Amino acid sequence: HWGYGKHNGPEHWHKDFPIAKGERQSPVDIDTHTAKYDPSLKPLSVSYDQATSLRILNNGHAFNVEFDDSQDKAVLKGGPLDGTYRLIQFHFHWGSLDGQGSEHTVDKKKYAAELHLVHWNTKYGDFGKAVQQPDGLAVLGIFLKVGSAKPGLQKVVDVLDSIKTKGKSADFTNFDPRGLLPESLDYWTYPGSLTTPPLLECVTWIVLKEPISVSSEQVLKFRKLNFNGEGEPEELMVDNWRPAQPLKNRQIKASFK
Ligand SMILES: Cc1ccc(O)c(S)c1
Ligand SMILES: [Zn+2]
């Protein structure tokens with residue numbers, strides 16, 4: 001099945017998921033000079049004060065920090081969005097080397113990793129019905145660069161050794177995703193897709209301009225995770241990013257001058 005290696009990586013995914021060569025695939029390169037400022041974008045509203053994390057899971061492709069999305073807590077609205085989108089999980093994509101890892105790129109620059117905070121449009125009732133709709137998801141994408149540590153990330157880094165391999169989970173309560181956000185909410189936005197199979201075209205992407213800084217030791221610990229299950233040959237969970245896809249008939253809009 002699918003993954004990130006030579007035989008089952010991004011160049012292969014189209015055979016099981018033909019939408020891989022669709023009209024609104026993600027990620028894309030963000031050409032900052034041609035992304036036009038849109039003064040009709042309303043400001044972005046991230047309301048994470050009542051977020052309830054539950055668990056962290058190694059799914060064999062990344063790790064997910066999962067949230068209780070059974071009530072009106074942890075919502076994203078405003079910006080380009082009509083309505084309210086509820087946080088369900090976040091995960092990262094990262095590299096084997098600090099010079100690569102992000103899925104979106106900014107004027108072809110690759111960051112060391114990228115955070116995806118995944119939210120579903122509450123008008124569709126749950127995640128599974130929302131990924132059947134073209135406006136079902138909003139993903140807040142945040143770039144990571146290597147420099148100073150991100151103190152708000154440490155509780156995640158410290159739990160990773162308990163979920164080394166595919167299928168492992170760990171209780172992960174009371175984690176506050178506000179500690180993963182940069183100062184500014186200036187962003188670029190465009191219509192796209194999941195960047196992993198099943199590659200569904202449901203996503204309004206909101207990619208923050210300001211990266212967060214994480215330390216070299218924090219990212220090194222992401223790179224000790226494993227794609228394989230326990231008892232299987234070790235394959236380090238690194239380079240779980242899809243490269244940029246054709247922009248096709250899309251415009252990227254900037255929230256800022
Ligand atoms: C499950 C899932 C939801 C949203 C996403 O952007 C990605 S990459 C994966
Ligand atoms: Zn992702």
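The count begins at 1 with the first shown residue.
Even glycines carry a Cβ here, placed using N, Cα and C.
Taken from Swiss-Prot, the feature active site, proton donor/acceptor covers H61. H61 (active site, proton donor/acceptor) falls outside any helix or strand according to DSSP and counts as coil.
In three-state terms derived from DSSP, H116 (Zn(2+) binding site) belongs to an extended strand segment. Annotation comment: Swiss-Prot describes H91, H93, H116 as Zn(2+) binding site.
What Swiss-Prot lists as phosphoserine is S162 (among others), and the listing cites a large-scale study or a structure entry. With a 10 A radius on its CB, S162 (phosphoserine) counts 13 other CB atoms from all the protein chains.
What Swiss-Prot lists as phosphoserine is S169 (among others). DSSP gives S169 (phosphoserine) a strand state. Over all protein chains present, the Cβ of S169 (phosphoserine) has 16 other Cβ atoms lying within 10 Å.
The substrate binding site feature in Swiss-Prot is assigned to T195, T196. Around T195 (substrate binding site), taking its Cβ as the centre, 26 other Cβ atoms fall within 10 Å, counting all chains. In the three-state DSSP reading, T195 (substrate binding site) counts as coil.
Among the recorded positions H61, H91, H93, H116, the residue whose Cβ has the fewest other Cβ atoms within 10 Å is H61. Spacing of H93 (Zn(2+) binding site) relative to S169 (phosphoserine) is 18 Å (Cα to Cα, whole number).
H91 (Zn(2+) binding site) sits 16 Å from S162 (phosphoserine), taking the C-alpha atoms as the reference points. Taken in sequence order, the recorded positions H61, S162, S169 that lie near ligand 2, meaning a CB under 6 Å from one of its atoms, form an empty set.
Those residues of the chain, other than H91, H93, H116, with a C-beta within 8 angstroms of the mean position of the Zn(2+) site C-beta atoms are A62, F90, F92, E103, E114, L115, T195. Only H116, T196, of the recorded positions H91, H93, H116, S169, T196, place a Cβ under 6 Å from an atom of ligand 1.
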